[PDB]
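Shown next: upload_2.cif, given as mmCIF, N, CA, C and O atoms.
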```cif
data_start
loop_
_atom_site.label_atom_id
_atom_site.label_comp_id
_atom_site.auth_asym_id
_atom_site.auth_seq_id
_atom_site.Cartn_x
_atom_site.Cartn_y
_atom_site.Cartn_z
N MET A 1 0.84 -1.23 0.00
CA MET A 1 0.00 0.00 0.00
C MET A 1 0.86 1.26 0.00
O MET A 1 0.38 2.35 -0.33
N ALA A 2 2.13 1.12 0.37
CA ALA A 2 3.04 2.26 0.41
C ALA A 2 4.13 2.13 -0.65
O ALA A 2 4.80 1.10 -0.74
N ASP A 3 4.29 3.18 -1.45
CA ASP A 3 5.29 3.18 -2.51
C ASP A 3 6.49 4.05 -2.13
O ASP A 3 6.45 4.77 -1.14
N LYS A 4 7.55 3.97 -2.94
CA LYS A 4 8.76 4.75 -2.69
C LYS A 4 8.43 6.22 -2.48
O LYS A 4 7.27 6.63 -2.61
N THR A 5 9.44 7.01 -2.14
CA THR A 5 9.25 8.44 -1.90
C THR A 5 8.46 8.66 -0.62
O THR A 5 8.98 9.20 0.36
N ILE A 6 7.20 8.24 -0.63
CA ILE A 6 6.34 8.37 0.53
C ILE A 6 6.44 7.15 1.45
O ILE A 6 5.77 7.09 2.48
N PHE A 7 7.28 6.19 1.06
CA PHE A 7 7.46 4.97 1.85
C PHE A 7 8.03 5.29 3.23
O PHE A 7 7.97 4.47 4.15
N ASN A 8 8.60 6.49 3.38
CA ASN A 8 9.18 6.92 4.65
C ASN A 8 8.23 6.66 5.82
O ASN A 8 8.67 6.49 6.96
N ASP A 9 6.93 6.64 5.53
CA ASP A 9 5.93 6.41 6.56
C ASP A 9 6.30 5.22 7.44
O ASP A 9 6.75 4.19 6.95
N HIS A 10 6.10 5.37 8.75
CA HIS A 10 6.42 4.30 9.70
C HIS A 10 5.77 2.98 9.29
O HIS A 10 6.31 1.91 9.54
N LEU A 11 4.61 3.07 8.65
CA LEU A 11 3.89 1.88 8.20
C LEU A 11 4.70 1.14 7.14
O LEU A 11 5.09 1.72 6.13
N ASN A 12 4.94 -0.15 7.38
CA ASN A 12 5.70 -0.97 6.44
C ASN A 12 5.05 -0.96 5.06
O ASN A 12 5.25 -0.03 4.28
N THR A 13 4.26 -2.00 4.75
CA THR A 13 3.57 -2.11 3.46
C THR A 13 4.40 -1.51 2.32
O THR A 13 3.93 -0.63 1.60
N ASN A 14 5.63 -1.99 2.18
CA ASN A 14 6.54 -1.51 1.15
C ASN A 14 6.34 -2.22 -0.20
O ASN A 14 6.71 -1.67 -1.24
N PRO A 15 5.78 -3.44 -0.23
CA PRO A 15 5.58 -4.18 -1.48
C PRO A 15 4.92 -3.34 -2.58
O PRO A 15 5.02 -3.68 -3.76
N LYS A 16 4.25 -2.26 -2.19
CA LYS A 16 3.59 -1.39 -3.16
C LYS A 16 4.53 -1.01 -4.30
O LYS A 16 4.10 -0.91 -5.45
N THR A 17 5.80 -0.79 -3.99
CA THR A 17 6.77 -0.42 -5.01
C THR A 17 7.49 -1.64 -5.57
O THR A 17 7.53 -1.85 -6.79
N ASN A 18 8.09 -2.42 -4.68
CA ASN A 18 8.85 -3.61 -5.07
C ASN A 18 8.04 -4.57 -5.94
O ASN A 18 8.51 -5.02 -6.98
N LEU A 19 6.83 -4.89 -5.50
CA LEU A 19 5.97 -5.80 -6.24
C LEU A 19 5.38 -5.12 -7.45
O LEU A 19 5.34 -5.68 -8.54
N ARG A 20 4.90 -3.90 -7.25
CA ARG A 20 4.29 -3.14 -8.33
C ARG A 20 5.23 -2.98 -9.51
O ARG A 20 4.80 -2.99 -10.66
N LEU A 21 6.52 -2.83 -9.23
CA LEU A 21 7.50 -2.67 -10.30
C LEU A 21 7.80 -4.03 -10.92
O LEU A 21 7.96 -4.14 -12.13
N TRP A 22 7.86 -5.06 -10.08
CA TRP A 22 8.10 -6.41 -10.57
C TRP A 22 6.95 -6.81 -11.48
O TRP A 22 7.14 -7.36 -12.56
N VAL A 23 5.75 -6.46 -11.04
CA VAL A 23 4.54 -6.71 -11.81
C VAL A 23 4.58 -5.90 -13.09
O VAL A 23 4.01 -6.29 -14.11
N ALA A 24 5.28 -4.76 -13.02
CA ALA A 24 5.43 -3.85 -14.15
C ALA A 24 6.49 -4.36 -15.13
O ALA A 24 6.41 -4.12 -16.33
N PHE A 25 7.48 -5.05 -14.58
CA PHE A 25 8.58 -5.59 -15.37
C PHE A 25 8.14 -6.75 -16.26
O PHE A 25 8.74 -7.03 -17.29
N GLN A 26 7.10 -7.45 -15.85
CA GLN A 26 6.61 -8.59 -16.62
C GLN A 26 5.51 -8.17 -17.60
O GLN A 26 5.39 -8.73 -18.69
N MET A 27 4.70 -7.21 -17.19
CA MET A 27 3.59 -6.74 -18.02
C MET A 27 4.07 -5.76 -19.06
O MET A 27 3.62 -5.76 -20.20
N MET A 28 4.95 -4.88 -18.65
CA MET A 28 5.46 -3.85 -19.52
C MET A 28 6.77 -4.27 -20.18
O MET A 28 7.01 -3.99 -21.35
N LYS A 29 7.61 -4.96 -19.42
CA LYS A 29 8.89 -5.43 -19.95
C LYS A 29 8.77 -6.88 -20.40
O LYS A 29 9.46 -7.32 -21.32
N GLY A 30 7.89 -7.62 -19.74
CA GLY A 30 7.68 -9.01 -20.08
C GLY A 30 6.62 -9.19 -21.15
O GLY A 30 6.38 -10.31 -21.61
N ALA A 31 5.98 -8.09 -21.55
CA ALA A 31 4.94 -8.14 -22.57
C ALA A 31 5.53 -7.96 -23.96
O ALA A 31 5.14 -8.64 -24.91
N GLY A 32 6.48 -7.04 -24.08
CA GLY A 32 7.11 -6.80 -25.36
C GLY A 32 8.25 -7.76 -25.62
O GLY A 32 8.45 -8.22 -26.74
N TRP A 33 9.00 -8.08 -24.56
CA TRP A 33 10.12 -8.99 -24.66
C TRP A 33 9.68 -10.43 -24.41
O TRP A 33 9.63 -11.25 -25.33
N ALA A 34 9.34 -10.74 -23.16
CA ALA A 34 8.90 -12.08 -22.80
C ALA A 34 7.64 -12.45 -23.56
O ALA A 34 7.41 -13.62 -23.85
N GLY A 35 6.83 -11.46 -23.88
CA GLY A 35 5.61 -11.73 -24.61
C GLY A 35 5.87 -12.52 -25.88
O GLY A 35 5.28 -13.58 -26.09
N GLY A 36 6.78 -12.01 -26.71
CA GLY A 36 7.12 -12.69 -27.94
C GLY A 36 8.17 -13.77 -27.76
O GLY A 36 8.13 -14.80 -28.43
N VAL A 37 9.13 -13.53 -26.87
CA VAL A 37 10.19 -14.48 -26.61
C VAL A 37 9.68 -15.64 -25.77
O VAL A 37 9.86 -16.81 -26.12
N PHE A 38 9.06 -15.30 -24.65
CA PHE A 38 8.54 -16.31 -23.75
C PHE A 38 7.34 -17.03 -24.34
O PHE A 38 7.36 -18.25 -24.49
N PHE A 39 6.29 -16.28 -24.68
CA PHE A 39 5.09 -16.88 -25.25
C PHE A 39 5.42 -17.59 -26.55
O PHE A 39 4.92 -18.69 -26.81
N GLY A 40 6.28 -16.98 -27.36
CA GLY A 40 6.67 -17.60 -28.61
C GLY A 40 7.29 -18.96 -28.38
O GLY A 40 7.20 -19.86 -29.22
N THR A 41 7.91 -19.13 -27.22
CA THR A 41 8.53 -20.39 -26.86
C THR A 41 7.52 -21.33 -26.23
O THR A 41 7.47 -22.51 -26.55
N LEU A 42 6.71 -20.79 -25.31
CA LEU A 42 5.70 -21.60 -24.64
C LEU A 42 4.70 -22.14 -25.65
O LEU A 42 4.24 -23.27 -25.52
N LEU A 43 4.38 -21.35 -26.65
CA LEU A 43 3.47 -21.78 -27.68
C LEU A 43 4.18 -22.79 -28.58
O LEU A 43 3.55 -23.69 -29.12
N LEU A 44 5.49 -22.65 -28.72
CA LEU A 44 6.25 -23.58 -29.54
C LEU A 44 6.43 -24.92 -28.83
O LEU A 44 6.35 -25.97 -29.45
N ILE A 45 6.68 -24.87 -27.53
CA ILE A 45 6.90 -26.07 -26.74
C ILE A 45 5.61 -26.61 -26.12
O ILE A 45 5.35 -27.81 -26.17
N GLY A 46 4.82 -25.73 -25.55
CA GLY A 46 3.57 -26.14 -24.93
C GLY A 46 2.60 -26.65 -25.96
O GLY A 46 1.77 -27.51 -25.68
N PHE A 47 2.71 -26.11 -27.17
CA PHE A 47 1.85 -26.51 -28.25
C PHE A 47 2.42 -27.74 -28.95
O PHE A 47 1.68 -28.60 -29.43
N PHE A 48 3.75 -27.84 -28.97
CA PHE A 48 4.44 -28.97 -29.59
C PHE A 48 4.34 -30.19 -28.70
O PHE A 48 4.22 -31.32 -29.17
N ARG A 49 4.39 -29.96 -27.39
CA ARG A 49 4.31 -31.04 -26.42
C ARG A 49 2.89 -31.59 -26.33
O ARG A 49 2.69 -32.78 -26.10
N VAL A 50 1.91 -30.71 -26.53
CA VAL A 50 0.51 -31.12 -26.48
C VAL A 50 0.09 -31.77 -27.79
O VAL A 50 -0.78 -32.63 -27.80
N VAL A 51 0.71 -31.37 -28.89
CA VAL A 51 0.38 -31.96 -30.17
C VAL A 51 0.82 -33.43 -30.20
O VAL A 51 0.48 -34.17 -31.12
N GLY A 52 1.56 -33.84 -29.17
CA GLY A 52 2.01 -35.21 -29.09
C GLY A 52 1.40 -35.95 -27.91
O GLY A 52 1.45 -37.18 -27.85
N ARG A 53 0.81 -35.20 -26.96
CA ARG A 53 0.20 -35.82 -25.79
C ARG A 53 -1.33 -35.71 -25.82
O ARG A 53 -1.99 -35.92 -24.81
N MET A 54 -1.87 -35.39 -27.00
CA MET A 54 -3.31 -35.24 -27.17
C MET A 54 -3.65 -35.06 -28.65
O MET A 54 -4.45 -34.20 -29.01
N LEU A 55 -3.03 -35.87 -29.50
CA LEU A 55 -3.26 -35.81 -30.93
C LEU A 55 -2.99 -37.17 -31.54
O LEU A 55 -3.89 -37.81 -32.07
N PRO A 56 -1.75 -37.69 -31.42
CA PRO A 56 -1.45 -39.03 -31.92
C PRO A 56 -2.45 -40.03 -31.34
O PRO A 56 -2.61 -41.14 -31.84
N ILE A 57 -3.13 -39.59 -30.27
CA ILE A 57 -4.13 -40.40 -29.59
C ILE A 57 -5.53 -40.13 -30.14
O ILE A 57 -6.27 -41.06 -30.46
N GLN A 58 -5.90 -38.85 -30.24
CA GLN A 58 -7.23 -38.47 -30.74
C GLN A 58 -7.22 -38.23 -32.25
O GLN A 58 -8.20 -38.51 -32.94
N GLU A 59 -6.10 -37.71 -32.75
CA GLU A 59 -5.96 -37.43 -34.17
C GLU A 59 -6.13 -38.70 -34.99
O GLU A 59 -6.38 -38.65 -36.19
N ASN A 60 -6.01 -39.85 -34.33
CA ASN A 60 -6.16 -41.13 -34.99
C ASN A 60 -7.44 -41.15 -35.83
O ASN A 60 -7.54 -41.89 -36.81
N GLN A 61 -8.41 -40.32 -35.44
CA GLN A 61 -9.68 -40.23 -36.15
C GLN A 61 -10.48 -41.51 -35.97
O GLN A 61 -10.70 -42.26 -36.92
N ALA A 62 -10.92 -41.75 -34.74
CA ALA A 62 -11.70 -42.94 -34.44
C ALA A 62 -12.62 -42.70 -33.23
O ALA A 62 -12.17 -42.18 -32.20
N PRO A 63 -13.91 -43.06 -33.34
CA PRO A 63 -14.87 -42.87 -32.25
C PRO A 63 -14.51 -43.68 -31.00
O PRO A 63 -14.05 -43.12 -30.00
N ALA A 64 -14.70 -44.99 -31.07
CA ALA A 64 -14.38 -45.87 -29.95
C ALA A 64 -13.96 -47.25 -30.44
O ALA A 64 -14.47 -48.27 -29.97
N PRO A 65 -13.02 -47.31 -31.40
CA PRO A 65 -12.54 -48.56 -31.97
C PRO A 65 -11.24 -49.03 -31.31
O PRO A 65 -11.22 -50.07 -30.64
N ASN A 66 -10.17 -48.26 -31.49
CA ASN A 66 -8.88 -48.60 -30.91
C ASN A 66 -8.88 -48.29 -29.42
O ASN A 66 -8.31 -49.03 -28.62
N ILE A 67 -9.53 -47.19 -29.06
CA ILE A 67 -9.61 -46.77 -27.67
C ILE A 67 -10.98 -46.13 -27.39
O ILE A 67 -12.01 -46.73 -27.68
N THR A 68 -11.00 -44.92 -26.82
CA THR A 68 -12.26 -44.25 -26.52
C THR A 68 -12.05 -42.74 -26.34
O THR A 68 -12.80 -42.09 -25.61
N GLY A 69 -11.04 -42.21 -27.02
CA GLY A 69 -10.77 -40.78 -26.93
C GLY A 69 -9.82 -40.44 -25.80
O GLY A 69 -8.66 -40.10 -26.03
N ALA A 70 -10.32 -40.52 -24.57
CA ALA A 70 -9.50 -40.20 -23.39
C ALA A 70 -9.41 -41.39 -22.44
O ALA A 70 -10.42 -41.84 -21.90
N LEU A 71 -8.20 -41.88 -22.24
CA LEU A 71 -7.96 -43.01 -21.34
C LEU A 71 -8.60 -44.29 -21.88
O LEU A 71 -7.91 -45.19 -22.35
N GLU A 72 -9.93 -44.36 -21.80
CA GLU A 72 -10.66 -45.52 -22.28
C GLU A 72 -12.17 -45.34 -22.09
O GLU A 72 -12.62 -44.28 -21.67
N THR A 73 -12.93 -46.39 -22.39
CA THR A 73 -14.38 -46.35 -22.25
C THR A 73 -14.78 -46.15 -20.79
O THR A 73 -13.95 -46.27 -19.89
N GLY A 74 -16.05 -45.84 -20.57
CA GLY A 74 -16.54 -45.63 -19.22
C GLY A 74 -16.39 -46.86 -18.35
O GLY A 74 -17.32 -47.65 -18.20
N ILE A 75 -15.20 -47.03 -17.76
CA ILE A 75 -14.93 -48.17 -16.90
C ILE A 75 -14.65 -47.73 -15.47
O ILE A 75 -13.80 -46.86 -15.23
N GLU A 76 -15.36 -48.32 -14.52
CA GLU A 76 -15.19 -47.98 -13.11
C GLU A 76 -14.28 -49.00 -12.42
O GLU A 76 -14.46 -49.29 -11.23
N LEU A 77 -13.31 -49.53 -13.16
CA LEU A 77 -12.38 -50.51 -12.61
C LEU A 77 -11.62 -49.93 -11.43
O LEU A 77 -11.17 -50.66 -10.55
N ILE A 78 -11.47 -48.60 -11.41
CA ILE A 78 -10.76 -47.93 -10.33
C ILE A 78 -11.59 -47.90 -9.04
O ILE A 78 -11.09 -47.49 -7.99
N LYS A 79 -12.84 -48.34 -9.13
CA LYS A 79 -13.73 -48.36 -7.97
C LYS A 79 -14.08 -46.94 -7.52
O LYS A 79 -14.17 -46.66 -6.33
N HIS A 80 -14.26 -46.05 -8.49
CA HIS A 80 -14.60 -44.66 -8.20
C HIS A 80 -16.03 -44.35 -8.65
O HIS A 80 -16.33 -43.22 -9.03
N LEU A 81 -16.89 -45.36 -8.61
CA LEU A 81 -18.29 -45.19 -9.01
C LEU A 81 -19.09 -44.50 -7.91
O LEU A 81 -19.19 -45.01 -6.79
N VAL A 82 -19.66 -43.35 -8.24
CA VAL A 82 -20.47 -42.58 -7.28
C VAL A 82 -19.82 -42.53 -5.90
O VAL A 82 -18.59 -42.77 -5.82
#
```
Translate the structure of the given file into structure tokens.
Amino acid sequence: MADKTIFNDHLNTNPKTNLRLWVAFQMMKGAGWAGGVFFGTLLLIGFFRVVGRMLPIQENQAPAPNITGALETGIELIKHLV
């Protein structure tokens, strides 16, 4: 709640500046830089990693022949019924 300059106040609550600027470094500095660098990578890896952990499985193009889309058919073998 207290920022620099006026932070002199006996009241601590200094995160107002430290956090606010850190939050500013990612939104303002992390938006133009990390935005394209970071997101460009996360989309490259997060999208590349998902294209292999949820495609070679579903992309197979099959209703319920080889499997059942996710994991398997409605089976309560785990004993998690109701």
Subject >> Selected residue, from A:38, A:23, A:30, A:69, that lies nearest to residue 53 (chain A) when counting all atoms listed in the file >> reply: A:69
Original post:
Could you state the separation of atom N of residue 57 (chain A) and atom N of residue 73 (chain A) in Å, given to one decimal place?
Top reply: 14.3 Å
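As for CA of residue 10 (chain A) and CA of residue 25 (chain A), they are spaced 27.0 Å apart.
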**OP:** Check what the PyMOL selection byres ((chain A and resi 4) around 7) selects in the file above and give those residues as a PyMOL selection string.
**Re:** chain A and resi 2-3+5-8+14+16-18
**OP:** Mind giving me the straight-line distance from CA of residue 37 (chain A) to atom C of residue 22 (chain A) in Å, one decimal?
**Re:** 17.3 Å
**OP:** Compare A:70, A:31, A:76, A:15 by their minimum atom-to-atom distance to residue 56 (chain A), counting only C-alpha atoms, and give me the closest one.
**Re:** A:70
